[PDB]
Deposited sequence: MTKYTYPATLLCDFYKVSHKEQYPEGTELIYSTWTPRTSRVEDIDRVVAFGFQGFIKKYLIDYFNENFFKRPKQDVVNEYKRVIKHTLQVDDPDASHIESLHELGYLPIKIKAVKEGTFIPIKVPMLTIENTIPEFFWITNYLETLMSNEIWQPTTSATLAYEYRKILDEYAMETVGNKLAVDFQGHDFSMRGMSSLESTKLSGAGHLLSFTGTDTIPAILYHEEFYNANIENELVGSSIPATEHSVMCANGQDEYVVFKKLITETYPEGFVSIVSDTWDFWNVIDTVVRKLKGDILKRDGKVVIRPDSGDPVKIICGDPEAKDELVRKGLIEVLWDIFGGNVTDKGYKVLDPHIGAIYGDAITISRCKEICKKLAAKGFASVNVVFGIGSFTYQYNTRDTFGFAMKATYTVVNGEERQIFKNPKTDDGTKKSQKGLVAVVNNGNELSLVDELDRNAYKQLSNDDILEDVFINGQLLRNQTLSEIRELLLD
């Protein structure tokens, strides 16, 4: 098998930095901070992902690929890469040798509880070396950790933006939040940039919702967050057709739909994409004609449109003159099947029929759909939203301004602050995050004495020290912390 050395998962210049530090550098202490927000109406992030990164890479990857292997092997892989990529005849690997001899990562990582709302410009995590000789290790890990933990948090925040909307309109139209868990459904896996990013993003999505088509995300929560699908609802989905299946089955859409709902899935949920040729014809002449069969099933038939303006398809096009197009999918389905009326006067479809829209959904479009459904007396729970790769893939580390910055060093016993301040266009010292009334706040410019003085109010907790994981959060606990 091909091994990527655990000592070279970084930018190239991280390798060179060790010899550049001042003589007698004994400690380097770095923080992980979302420094700004580039999503409207989002001023906090949902901290998530540190545990998965620590378990997969700092514990498992370093043990299996570095510490349990012979010293000569890891030394040689490192030296080979350095020699042939940095043009060094005899690279120094004595620090690698010494780390391997130590047998564990002399590292202290602290972090806020995953599931916590962290304000912009407030640090969520810190890392430091626990043995002076390995000061260089802190800087070394900055790249990989950044590379790994901005995506799960980012997705976690974006998903929550949906949940917050879906909760509120639910409370506004129904009076309870029972349907919201399934109202946000992850459709994004094919549009994520890699399977690993698929796992991290979908795992973020699953903090707020249980509906997903991203199987590896459910299994990710099993792998790193102590979930078990046999004992708790981690994630769930329903049988659903796709355009190629509908096309293969042919244009006698009544026969195809009837076979799908009475023979292939006579009970339970089933989602049928209905726009392969003529969506409104399927609604008018197929779904209507199958009304008795749909009502006779012990389950739900979910109608899935996949083209047009999602807002206008779901809520209606006011300027369209065909009655079905002007009414919209939800109103036409109510006209066919009816349903129930909430205590606040909003219509909920008969539970034998339902709708889902999983193309071109955005946070703004989700809010608009809920608002326009309420404007005509339909409850928000009548639509399931399919959230795609536009939400979960199309971000950067800068979408929430994440950066890992060294804020504190100890050099020959002297405590020192680190910060840049370019004239061509910040955190200092040890940091702490304290609960001040309603919100969390950053305290910086702290020496070791002042940092210890504040230890009882700091909400960052010991997560990983010298190879030992000290905090092991479950998915249920994180969901509890997020949604109370």
### Deposited-sequence stretches lacking C-alpha coordinates, listed in sequence order
1 to 2, 428 to 432
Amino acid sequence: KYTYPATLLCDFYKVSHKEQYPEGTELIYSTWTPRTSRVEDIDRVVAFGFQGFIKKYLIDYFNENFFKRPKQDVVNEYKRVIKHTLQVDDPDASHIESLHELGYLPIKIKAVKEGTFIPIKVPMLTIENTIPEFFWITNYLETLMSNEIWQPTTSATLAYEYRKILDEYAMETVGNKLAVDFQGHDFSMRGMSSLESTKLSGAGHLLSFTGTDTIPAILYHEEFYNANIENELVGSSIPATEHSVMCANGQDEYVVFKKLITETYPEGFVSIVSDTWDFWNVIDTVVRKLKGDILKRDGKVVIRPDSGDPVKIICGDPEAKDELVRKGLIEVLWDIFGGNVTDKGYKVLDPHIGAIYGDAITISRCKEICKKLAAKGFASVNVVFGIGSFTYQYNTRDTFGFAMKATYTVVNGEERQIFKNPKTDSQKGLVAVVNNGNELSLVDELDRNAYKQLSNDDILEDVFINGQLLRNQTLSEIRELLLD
From here on, numbers count along this sequence of modelled residues.
### Message
Using only C-alpha atoms and the B-factors in the entry, which stretch averages higher, 31 to 39 or 453 to 461?
### Response
453 to 461
## Note on the structure
Comparing mean C-alpha B factor in the record for 119 to 127 and 183 to 191, the higher one is 119 to 127
### Summary
Of the residues 323, 242, 161, 398, the one whose Cα carries the largest B-factor in the deposited record is 323
### Task
Tell me, please, which of 308, 152, 318, 235 has the highest C-alpha B factor according to the deposited entry?
318
### Message
Lowest, middle or highest third: which one holds residue 291 when the chain's residues are ordered by CA B-factor from the entry?
### Response
highest
### Task
Grab the CA temperature factor for residue 52 from the record and place it in the lowest, middle or highest third of its chain.
lowest
### Query
So where's residue 411 on the chain's Cα temperature factor ranking, which third?
highest
### Message
Per the entry's values, where does residue 46 land by CA temperature factor relative to the rest of its chain, in the lowest, middle or highest third?
### Response
middle
#### Entry: Record-listed C-alpha B factor of residue 147: chain third
lowest
